[PDB]
Ligand SMILES: [Cl-]
Ligand SMILES: [Cl-]
């Protein structure tokens, strides 16, 4: 298992514009288009992202290319972030993937906001961190996915995804 296979399981794949769990226009493998309520504004963002007139539909290769970019940006955002970087550097490979997952889903600012949980991960207090991570809107809104990520931090294995 690796970060790409993990996120593909969590986000799924859709080739037509769709609404995410928060009601936002998205496409592909969890690629957020816009928070704006207008489907048209979403189509404009999409064509601009792809570089062609898509009419709201893309191909699998195009979905994977946006995904490759999105994973790369998540990793680079972690390494550039003064709060995230030290946590990432302290973690083993599996747990590094769980943090990438969270950043992909909620963005760098969002994750950096989990100040207490981050300190616990850095300290290698797995069980305590897992309990703290669950006291969040994140967990309450997407419990099945949050549980998978949290178990990954707790055990340092890919068991929740197998
Ligand atoms: Cl883009
Ligand atoms: Cl969920």
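Determined via X-ray crystallography, 1.8 Å.
Yeah, the Cβs are placed from backbone N, Cα and C, and that goes for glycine too.
Taken straight from Swiss-Prot:
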- 11: active site, proton donor/acceptor (ACT_SITE)
- 20: active site, proton donor/acceptor (ACT_SITE)
- 32, 104, 117, 132: substrate binding site (BINDING)
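A distance of 8 Å separates the Cα atom of residue 32 (substrate binding site) from that of residue 20 (active site, proton donor/acceptor). In this entry, 32, 104, 117, 132 make up the residues listed for substrate, with the farthest two CA atoms of the set 27 Å from each other. On its own chain, residue 104 (substrate binding site) has 7, 30, 70, 71, 74 as residues at least 6 apart in sequence with a Cβ closer than 8 Å to its own Cβ. For the pair residue 132 (substrate binding site) and residue 11 (active site, proton donor/acceptor), the C-alpha distance works out to 24 angstrom.
Residue 11 (active site, proton donor/acceptor) and residue 20 (active site, proton donor/acceptor) have their C-alpha atoms 9 Å apart, to the nearest angstrom. For residue 117 (substrate binding site), the same-chain residues that are 6 or more apart in sequence and have a Cβ closer than 8 Å to its Cβ are 129, 132, 133.
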